[PDB]
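Visitor: My structure is below; once you've seen it, I'll send some questions.
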Amino acid sequence: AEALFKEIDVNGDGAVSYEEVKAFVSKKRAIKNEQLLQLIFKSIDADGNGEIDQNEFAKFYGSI
Amino acid sequence: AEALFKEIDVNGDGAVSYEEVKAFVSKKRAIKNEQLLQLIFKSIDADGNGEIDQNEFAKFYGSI
Amino acid sequence: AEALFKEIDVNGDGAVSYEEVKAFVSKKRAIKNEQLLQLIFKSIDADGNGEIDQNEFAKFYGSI
Ligand SMILES: [Pb+2]
Ligand SMILES: [Pb+2]
Ligand SMILES: [Pb+2]
Ligand SMILES: [Pb+2]
Ligand SMILES: [Pb+2]
Ligand SMILES: [Pb+2]
């Protein structure tokens, strides 16, 4: 009755098959990678318009 | 005369080309990942019918 | 005015978009992997003809 078992159990038959654990691990990994990358971007895009201009980029670099 | 050189040497010409080392490293990696994942599954599937029901899943989690 | 911002800024509009940072990180990663692999090959291919014969392969292995 936890959303996690249901999230992994994609065809909803009450059983987590191997393919499902595998698809899950894959997408969980993909998501953590997206989140770290976005967070890094947003962190460089100091003013938040959604693009990094040469200035934001300049600050970001150096002794970093 | 070791099975390993022959395993990497896929077109069998006595020479391991770069593509072959590369294909080999790729598939070796893929296999270690499958094996760890399967072992983890089999380890959760406490009764071995090949699917994880909410119970096996429940035990598995917690302070894990 | 650094080649790096221009290298990431693929469509050249002065702005590094997210897709571009992402494509960049991907290809940077791909390249480091190629370079390490090639260096390892070249390191096994002791005489440099571009293929590893059973002999070069033999030396390479052991207590390695
Ligand atoms: Pb299922
Ligand atoms: Pb900006
Ligand atoms: Pb060959
Ligand atoms: Pb089971
Ligand atoms: Pb751009
Ligand atoms: Pb050689």
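Convention: chains lettered A, B, ... in structure tokens order; per-chain residue numbering from 1; ligands numbered from 1 as shown.
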What residues in chain B lie within 7 Å of chain C, counting only C-alpha atoms, written as a PyMOL selection string?
Guide: chain B and resi 5+14-18
Visitor: Can you measure atom CA of residue 59 of chain B to atom CA of residue 13 of chain A for me? One decimal in Å is fine.
Guide: 19.5 Å
Visitor: Atom CA of residue 43 of chain B and atom CA of residue 27 of chain A are how many Å apart?
Guide: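 Between atom CA of residue 43 of chain B and atom CA of residue 27 of chain A the gap is 21.1 Å.
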Visitor: Report, in Å with one decimal, the straight-line distance from atom 1 (Pb, counted along the ligand's line) of ligand 5 to atom CA of residue 33 of chain C.
Guide: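 Separating atom 1 (Pb, counted along the ligand's line) of ligand 5 from atom CA of residue 33 of chain C is a distance of 25.7 Å.
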Visitor: Between B:3, B:46, B:8, B:39, single out the one closest to residue 25 of chain B, counting only C-alpha atoms.
Guide: B:8
Visitor: Segment 20-50 of chain A: which residues are alpha helix (DSSP H) by DSSP, as a short mmCIF file (atom, residue, chain, number, x, y, z; two decimals) with C-alpha atoms, in the first residue's frame?
Guide:
data_model
loop_
_atom_site.label_atom_id
_atom_site.label_comp_id
_atom_site.auth_asym_id
_atom_site.auth_seq_id
_atom_site.Cartn_x
_atom_site.Cartn_y
_atom_site.Cartn_z
CA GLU A 20 10.44 -3.56 -13.72
CA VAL A 21 13.16 -3.33 -11.09
CA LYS A 22 15.59 -2.77 -13.91
CA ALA A 23 13.52 -0.06 -15.62
CA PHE A 24 13.12 1.53 -12.28
CA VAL A 25 16.78 1.60 -11.39
CA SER A 26 17.44 3.04 -14.83
CA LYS A 27 14.99 5.85 -14.54
CA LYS A 28 15.86 6.60 -10.94
CA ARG A 29 19.50 7.04 -12.09
CA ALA A 30 18.47 9.19 -15.01
CA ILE A 31 16.50 11.46 -12.76
CA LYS A 32 19.27 11.97 -10.19
CA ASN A 33 21.57 12.91 -13.05
CA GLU A 34 19.06 15.43 -14.49
CA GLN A 35 18.53 16.98 -11.07
CA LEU A 36 22.18 17.45 -10.36
CA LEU A 37 22.77 18.92 -13.80
CA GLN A 38 19.80 21.31 -13.56
CA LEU A 39 20.85 22.39 -10.14
CA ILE A 40 24.32 23.11 -11.46
CA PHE A 41 22.89 25.13 -14.36
CA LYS A 42 20.46 27.10 -12.25
CA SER A 43 23.45 27.68 -10.02
CA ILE A 44 25.47 29.19 -12.90
#
Visitor: Give the answer as one residue: which of B:48, B:10, B:56, B:19 has the shortest atom-to-atom distance to ligand 3, using only C-alpha atoms and all ligand atoms?
Guide: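 Closest to ligand 3 of all the choices is B:10.
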